[PDB]
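Only one chain is included here, represented as structure tokens and corresponding to the form deposited in one PDB entry.
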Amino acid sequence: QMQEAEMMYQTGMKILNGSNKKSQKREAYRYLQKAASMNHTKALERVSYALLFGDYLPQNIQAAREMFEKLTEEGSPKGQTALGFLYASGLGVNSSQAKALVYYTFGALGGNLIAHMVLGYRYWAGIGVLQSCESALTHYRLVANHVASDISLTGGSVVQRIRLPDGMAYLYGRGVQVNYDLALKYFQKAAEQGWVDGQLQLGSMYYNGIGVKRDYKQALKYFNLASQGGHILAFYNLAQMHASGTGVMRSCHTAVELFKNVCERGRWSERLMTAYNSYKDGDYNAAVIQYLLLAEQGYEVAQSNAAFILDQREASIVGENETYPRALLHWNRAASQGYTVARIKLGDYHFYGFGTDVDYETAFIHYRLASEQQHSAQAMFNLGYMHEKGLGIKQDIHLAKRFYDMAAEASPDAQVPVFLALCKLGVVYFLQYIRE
């Protein structure tokens, strides 16, 4: 009876690889689920990694968990990873980080790579384990080697990072990546001037002959493929010198983020686009789930996008009383990776008491760490407001006025609000002087 199980799965594998249509994908997924009726493991994991995620099947978290139990009973390597993610992010089941850690480590022992990614990042930014060099480095190496081998052959598919609210650490070496960047930008300047047919004068553009600019932009996309590919080989090789002994000395803290900038690009980060696409046609239950895997995995784009989705309380899995703490968690994770807007959003979350109690001191220090390091005029003006009303710390004026002043020169678009603020500040000052 096992013979008919794999044969039906072969039809779905042929239809999925041979056709990218929505109805063809749905039929192939139905055939895969029919093969998964009699516990066919390969199709069971293939229907699992779409049924819980969405955008291929209707979402059923409880059925996914109840069959993840048998999938981890057998010892499937991608059965441990996703159920550990389920226990970690609190998805339809009581959260516990230790169980999530053991399931993640056994998935990493199954030869999976998303588990290795998640273990390298959770070792790197101290989440659920001590911050450590060695095991974060070897977990990121075991993924970056595979990602390098894949991009050396297949060409390294380019994926656009879109944000939804849109040592040697200066550049991690120089040279080859820089030259790739100027090659990219000069090809970018080459294609844009070529479309220009404003000097046509009955010719040149050939009367809506689109057949030039189409393969212009496809040549541009293919050049982008080649340039990001060579960029990633460059980063991987500089990282492989920086890791072991050569060229530069032994340097952990400027190797694991160069490895991580290779592992992030990879092939796993195609779920960014199919999460962004799921966001653009309603279906808020499907983007907050595909972003949570890429958030626990270690992306800074997805940790922000998942926090932004959780911020506006459209995520239907989580309770409405527990939406903000998870949003606070993902904002805090995005803050440690150097994202600016995450720090101010953490400041506002402490400011209005979003999820936590209202406490102005942590809000002030969050606004400051956004201020002196990333030079964000928004945190400058917000901590000046924090000064001028005397919350948290003592009340005075001239600290606010200089903060509004460097809020003014820090960004060009900050001209208006610093003016209306120092206007009301001077009005208050003159009224107090008159009262004096």
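In this text, rigid core is short for the largest set of C-alphas that superpose within 1.5 Å between two forms. The first residue of the sequence shown is number 1, and the count goes up from there. Shifts are known only where both forms have a C-alpha.
Engineer: Can you say how many deposited residues have no coordinates in the span between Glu74 and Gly75, choosing none, 1 to 3, 4 to 9, or 10 or more?
Structural biologist: Unresolved stretch here: none.
Beyond what is shown, the protein has a form deposited in another entry; the following relates to that form.
Engineer: Among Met241, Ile317, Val158, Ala226, whose C-alpha is off by 2 Å or more between this form and the one not shown on a rigid-core fit?
Structural biologist: The answer here is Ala226.
Engineer: Superposed on the rigid core, does the Cα of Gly203 end up 2 angstroms or more away between this form and the one not shown?
Structural biologist: Yes, the C-alpha moves 2 Å or more.
Engineer: Is it true that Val129 shifts between this form and the one not shown by 2 Å or more at the Cα, once the core is aligned?
Structural biologist: It does not, since the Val129 C-alpha is displaced less than 2 Å between this form and the one not shown after the core fit.
Engineer: Tell me whether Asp215 is among the residues that move between this form and the one not shown (Cα shift of 2 angstroms or more, core superposed).
Structural biologist: Yes, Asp215 moves 2 Å or more.
Engineer: Out of closer and farther, which fits the Cα atoms of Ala226 and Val256 in that other deposited form compared with this form, where the change is 3 Å or more?
Structural biologist: Closer, not farther.
Engineer: Where do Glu264 and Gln228 end up in that other deposited form, Cα atoms closer or farther than shown, with a change of 3 Å or more?
Structural biologist: It is farther: in that other deposited form, the C-alpha atoms of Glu264 and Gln228 lie at least 3 Å more apart than they do here.
Engineer: Requiring every Cα in the run to move by 2 Å or more, and the run to span 3 or more residues, what stretches do you find between this form and the one not shown with the rigid core held fixed?
Structural biologist: Shifted segment: 194-230, the only one.
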